[PDB]
S.K.: 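Would you mind keeping the following structure in view while I ask a few things?
Counting begins at 1 with the first residue of the sequence. These values consider heavy atoms only, across backbone and side chains, with no hydrogens, waters or symmetry-generated copies.
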Amino acid sequence: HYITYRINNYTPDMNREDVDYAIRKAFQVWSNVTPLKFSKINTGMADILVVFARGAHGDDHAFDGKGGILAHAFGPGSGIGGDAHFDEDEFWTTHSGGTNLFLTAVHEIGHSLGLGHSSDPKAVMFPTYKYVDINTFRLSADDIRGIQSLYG
Ligand SMILES: COc1ccc(-c2ccc(S(=O)(=O)c3ccccc3CC(=O)NO)cc2)cc1
Ligand SMILES: [Ca+2]
Ligand SMILES: [Ca+2]
Ligand SMILES: [Ca+2]
Ligand SMILES: [Zn+2]
Ligand SMILES: [Zn+2]
């Protein structure tokens, strides 16, 4: 129940502190509904690596340029397992005006922890990006069902 994460690199779209905050808040969403304890590391071997990259980036799932696929993430495992990759050809944002990193990271971390996609459009795990005010964002009951089915 104790999972480490590291931010490999920072999108130039955002301030470094804003990337840190968005990612920290995204892990907090999942920690708030599970026994999971997440610890950020700055250097070293983490369970979950966060990476921004474009096109082909070393995993056999190349990105596709601006638009299309925004991000993907691997389920829990050794190596690339757990990692969450964000397509740098998107414009990552703290709020709107691009693709919101926090919301996207909530979705990807879901996959990092072993979740698939939901058929509930209110779930963060439903694979349609839609901006919502970050302060009013809430996991759906379907997301909570999924994650609690794995942890606890
Ligand atoms: C509410 O906040 C949200 C909800 C959903 C996502 C989300 C939605 C879609 C995608 S995507 O990369 O375009 C995509 C679209 C369809 C099928 C697969 C994918 C890849 C994917 O599911 N990555 O996790 C990636 C992230 C992002 C943020
Ligand atoms: Ca893309
Ligand atoms: Ca990993
Ligand atoms: Ca970018
Ligand atoms: Zn990748
Ligand atoms: Zn997804």
S.K.: Give every residue pair that meets the salt bridge (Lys or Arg N to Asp or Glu O under 4.0 Å) criterion with at least one member in residues 31-40, sequence neighbours excluded.
M.R.: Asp20-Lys40
S.K.: Is the backbone of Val33 close enough, under 3.5 Å, to the side chain of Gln148 for a donor and an acceptor to pair up by distance?
M.R.: yes
S.K.: Running the 4.5 Å side-chain criterion over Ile, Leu, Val, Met, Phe, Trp and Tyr, what cluster does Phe63 land in, apart from itself?
M.R.: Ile69
S.K.: Using side-chain hydrogen bond (donor to acceptor under 3.5 Å, both in side chains), reason through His111 and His72 one step at a time and then give a plain yes or no.
M.R.: CA-CA 8 Å; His111 293 309; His72 56 220; over 6 Å; no
S.K.: Quick one: list whatever passes side-chain contact (heavy atoms from CB on, under 4.5 Å) with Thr43, sequence neighbours left out.
M.R.: none
S.K.: Taking only residues two or more places apart in sequence or in another chain, which ones pass salt bridge (charged side-chain N to carboxylate O under 4.0 Å, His left out) with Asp142?
M.R.: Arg145
S.K.: So if you build clusters from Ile, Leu, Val, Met, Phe, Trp, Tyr with side-chain heavy-atom gaps below 4.5 Å, do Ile109 and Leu150 land together?
M.R.: yes
S.K.: Who pairs with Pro121 by side-chain contact (heavy atoms from CB on, under 4.5 Å), at least two apart in sequence or on another chain?
M.R.: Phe126
S.K.: Test of understanding: with side-chain contact (heavy atoms from CB on, under 4.5 Å), list the residues that count as partners of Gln28, not counting sequence neighbours.
M.R.: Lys25, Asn32
S.K.: Apply the hydrophobic cluster definition, ILVMFWY joined by side-chain contacts under 4.5 Å directly or through others, and give me every member besides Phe74.
M.R.: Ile80
S.K.: Mind checking side-chain contact (heavy atoms from CB on, under 4.5 Å) for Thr99 and listing every partner two or more places apart, or none if nothing turns up?
M.R.: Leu70, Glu90, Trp92, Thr104, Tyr129
S.K.: Between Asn8 (side chain only) and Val50 (backbone N and O only), is there a donor and an acceptor less than 3.5 Å apart?
M.R.: no
S.K.: Can you confirm whether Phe52 sits close enough to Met14 that some side-chain heavy atom of one is under 4.5 Å from a side-chain heavy atom of the other?
M.R.: no
S.K.: Who else is in the cluster with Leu49 when I, L, V, M, F, W and Y are joined by side-chain contacts under 4.5 Å?
M.R.: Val51
S.K.: With a 4.5 Å heavy-atom cut-off, do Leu113 and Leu36 have their side chains touching?
M.R.: yes
S.K.: Does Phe137 have any ring pair (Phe, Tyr, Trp, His ring centres under 6.0 Å) partners at least two apart in sequence or in another chain, and if so, which?
M.R.: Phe102
S.K.: Just how far is it from atom CG of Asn9 to atom CZ of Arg16, taken to the nearest 0.5 Å?
M.R.: 10.0 Å
S.K.: Any salt bridge (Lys or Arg N to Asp or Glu O under 4.0 Å) pairs touching residues 51-73, not counting sequence neighbours?
M.R.: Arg54-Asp89
S.K.: Going by salt bridge (charged side-chain N to carboxylate O under 4.0 Å, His left out), name the residues that satisfy it together with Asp47, two or more places apart in sequence or in a different chain.
M.R.: none
